[PDB]
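If you want the entry's author numbering, it's the 1-based position in the sequence shown plus 41.
Don't be surprised by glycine CBs; every beta carbon is placed ideally from N, CA and C.
A quick write-up on the structure given underneath.
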Amino acid sequence: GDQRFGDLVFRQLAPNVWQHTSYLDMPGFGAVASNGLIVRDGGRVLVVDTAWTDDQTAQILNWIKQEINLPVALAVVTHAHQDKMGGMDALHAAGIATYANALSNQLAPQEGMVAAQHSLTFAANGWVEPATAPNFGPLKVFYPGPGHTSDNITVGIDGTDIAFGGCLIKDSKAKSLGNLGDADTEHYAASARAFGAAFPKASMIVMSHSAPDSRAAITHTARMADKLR
Ligand SMILES: C[C@H](CS)C(=O)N1CCC(C(N)=O)CC1
Ligand SMILES: [Zn+2]
Ligand SMILES: [Zn+2]
Numbered sequence: 042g043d044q045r046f047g048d049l050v051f052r053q054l055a056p057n058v059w060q061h062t063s064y065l066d067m068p069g070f071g072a073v074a075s076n077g078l079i080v081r082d083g084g085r086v087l088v089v090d091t092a093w094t095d096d097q098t099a100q101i102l103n104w105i106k107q108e109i110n111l112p113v114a115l116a117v118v119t120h121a122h123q124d125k126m127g128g129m130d131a132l133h134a135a136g137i138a139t140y141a142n143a144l145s146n147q148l149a150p151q152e153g154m155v156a157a158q159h160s161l162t163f164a165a166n167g168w169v170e171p172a173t174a175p176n177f178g179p180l181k182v183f184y185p186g187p188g189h190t191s192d193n194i195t196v197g198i199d200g201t202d203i204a205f206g207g208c209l210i211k212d213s214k215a216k217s218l219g220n221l222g223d224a225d226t227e228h229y230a231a232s233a234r235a236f237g238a239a240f241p242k243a244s245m246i247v248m249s250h251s252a253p254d255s256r257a258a259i260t261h262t263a264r265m266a267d268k269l270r
């Protein structure tokens with residue numbers, strides 16, 4: 042099922058949704074997979090997260106050209122770490138409009154990232170302010186609160202059973218919450234549960250560092266974060 046395309050992997054999740062996977066060596070972790078999404082919305086394509094590097098991100102765009110052959114209207118990136126924003130320059134070189142949490146754009150320079158062109162802001166309840174996410178189509182963007190990072194955001198795909206937790210959510214058999222160096226241990230558990238409650242009918246939970254899982258990924262991630270506070 043999985044399509045190897047250069048050094049990346051692509052997996053169809055639904056008629057209009059694919060997971061992109063790219064890898065980077067991290068001493069002490071091995072070659073770490075990071076997952077994002079590609080969504081076809083009618084005559085255009087929407088991307089969630091870059092790959093780790095510009096070169097890998099250009100390869101995502103090459104795959105889109107070969108397998109979908111429609112323009113990429115925008116990309117939204119889910120926090121200011123390299124696995125999610127490392128390929129911003131490749132998107133900009135391709136003329137793609139890019140979006141991130143305002144706080145991700147604020148943090149990007151100190152994190153070694155290039156900021157997105159546009160900043161999303163969020164209501165007190167976590168839902169994106171709609172005027173900051175124009176033309177997002179089926180992408181429903183939700184800020185669950187600080188957790189994996191202060192800026193992490195999540196995305197549901199209307200018309201599917203899919204919600205993307207990014208690096209906030211780990212799989213239902215995961216053993217650790219991963220990189221906690223920028224995390225908010227006090228609010229993580231609540232933020233994970235807020236993601237689940239924002240997308241209550243999503244039965245396929247996509248995440249950055251594990252293959253797609255059931256909603257038990259949310260309950261398990263929350264149950265592990267419950268131990269952090
Ligand atoms: C660069 C990314 C940003 S989230 C990172 O810190 N990682 C990769 C995932 C790894 C894991 N197994 O969770 C933890 C270390
Ligand atoms: Zn991260
Ligand atoms: Zn990550």
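Around the C-beta of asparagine 110, fewer than 16 other C-beta atoms lie within 10 Å, and the residue is accordingly described as exposed. Along the length of the segment 117-204, whole alpha helix (DSSP H) runs at least 4 residues long occupy 123-126, 129-134 and 143-152, reported in chain order. Contact between the segment 112-131 and the segment 80-92 is established, with three or more Cβ pairs separated by less than 8 angstroms.
The beta carbon of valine 196 lies closer than 6 angstroms to those of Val89, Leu180, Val182 and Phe205 in the same chain, with the five residues before and after it left out.
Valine 247 sits close to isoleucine 203, with the two beta carbons spaced by under 8 angstroms. DSSP places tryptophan 104 in the uninterrupted alpha helix (DSSP H) bounded by 95-108. As the crow flies, the alpha-carbon of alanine 116 is around 11 angstroms from that of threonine 98. Chain order is used for the residues whose beta-carbon lies nearer than 5 angstroms to a heavy atom of ligand 3, namely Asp124, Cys208 and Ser249. If you look at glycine 77, you'll find it in the beta strand (DSSP E) that goes 71-82.
Of the candidates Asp95, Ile101 and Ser191, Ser191 places its Cα closest to the Cα of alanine 141.
Residue state for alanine 114 is assigned as strand, using DSSP reduced to three classes. The beta-carbon separation of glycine 222 and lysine 211, rounded to 16 angstroms, does not stay under the 8 angstroms limit for a contact.
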